Amino acid sequence: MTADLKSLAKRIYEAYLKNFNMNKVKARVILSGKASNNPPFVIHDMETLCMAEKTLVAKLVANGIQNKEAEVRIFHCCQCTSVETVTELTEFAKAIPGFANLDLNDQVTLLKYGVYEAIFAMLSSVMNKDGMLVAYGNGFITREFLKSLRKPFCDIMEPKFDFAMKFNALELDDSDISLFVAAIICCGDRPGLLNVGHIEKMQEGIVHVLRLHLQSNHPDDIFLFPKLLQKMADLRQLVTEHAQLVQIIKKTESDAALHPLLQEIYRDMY
Ligand SMILES: CCCCC/C=C\C/C=C\C/C=C\C/C=C\CCCC(=O)O
């Protein structure tokens, strides 16, 4: 006559496998070199960037002399990835107990502050020390190539690789990551929330599910739960810094149009 926390953890996991196009197993199959059909195109320099664009995002480079600068095209593709992950996170959040019972405005606020923290947590799954999967698993862009871009665009991805190398060393699987993403979304201290009390109870419940799951799934790492609490705080700081860089790009790079959904996420955020 009590809550079945193991069942809730499995529900969350299954919602994550249903709603995200990429998961850690899918990414590892690709990254291993086992994709015998449509393997990822390796983007390690300008020649291979431009080849990959012509095949994978042809419309973006179909403008001749009017095509935007490479770095701006890359930033545009980064934004398209975020817009898609935001859509996936919004549907995933319906699986979190209590989330769909909140007022619509509180659901919006929780997603507004939580999406980029979740984005950078899950981005770790497509990153290794050399590069990252992009374009629905059809490209692999190298870490060194992204570092080679002109300022400020070379400064976007490196802090996310730094976060990801340490996050990946925790050896989480998708059952853990799904619950960590749910816990990110359920933070009662986001600015502007109306029903803080109910959100705090939603947070306590999902963090309880997370804690018990990590205890079972990672008996070898008794500090994994507090490590993940710290990672949540690190992600908040990573997002604050990322938003600051995006604002520099907005002020100083006239061609780097911000998609309106992301502009709304960033507006009044930090
Ligand atoms: C062939 C098309 C792809 C070529 C490679 C170009 C770009 C890399 C694509 C995706 C990179 C993945 C995630 C983006 C990371 C951070 C979001 C920054 C934009 C934002 O603040 O939302």
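Observations
- When the chain is described by a simple charge dipole with +1 on each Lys and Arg Cβ and -1 on each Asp and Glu Cβ, the residue from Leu193, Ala70, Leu261 located farthest towards its positive end is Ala70.
- Scattering profile of segment 69-124 at q = 0.19, 0.20 Å⁻¹ [log10 I(q)/I(0), Debye over alpha-carbon scatterers]: -0.71, -0.76
- Against the chain, whose longest principal axis is taken from its Cα atoms, helix 196-217 shows a tilt of about 80°.
- C-alpha long axis of helix 70-92 to longest principal axis of the chain, angle in °: 20 degrees
- For segment 21-135, the Rg and Dmax computed from alpha carbons only, in angstrom: 17.2, 52
- Placing dummy labels 7 Å off each Cα toward the beta-carbon, the span from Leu17 to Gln244 is 4.1 nm.
- Debye equation applied to the C-alpha atoms of segment 150-270, log10 I(q)/I(0) at 0.12, 0.15, 0.20, 0.22 Å⁻¹: -0.58, -0.84, -1.18, -1.27
- With R₀ set to 51 Å, the beta-carbon distance separating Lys227 from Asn63 gives a calculated FRET efficiency near 0.65.
- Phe41 long-range amide H proximity, modeled H, under 5 Å: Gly139, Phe140
- Hypothetical label at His198: residues of segment 70-106 whose amide nitrogen lies under 14 Å (7 Å Cα-Cβ projection): 97-106
- Fraction of antiparallel bridges per DSSP, segment 30-181 only, in percent to nearest 5: 65 percent
- With 10 Å bins beginning at zero, the pair-distance distribution over Cα atoms of the chain amounts to 6, 28, 35, 21, 8, 1, 0 %.
- Cα long-axis angle, helix 174-185 against the chain (0 to 90 degrees, to the nearest 10): 80 degrees
Backbone-built Cβ (ideal geometry, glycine too); neighbour counts: all protein chains shown. Throughout, read-outs are computed from the coordinates displayed, never taken from laboratory work.
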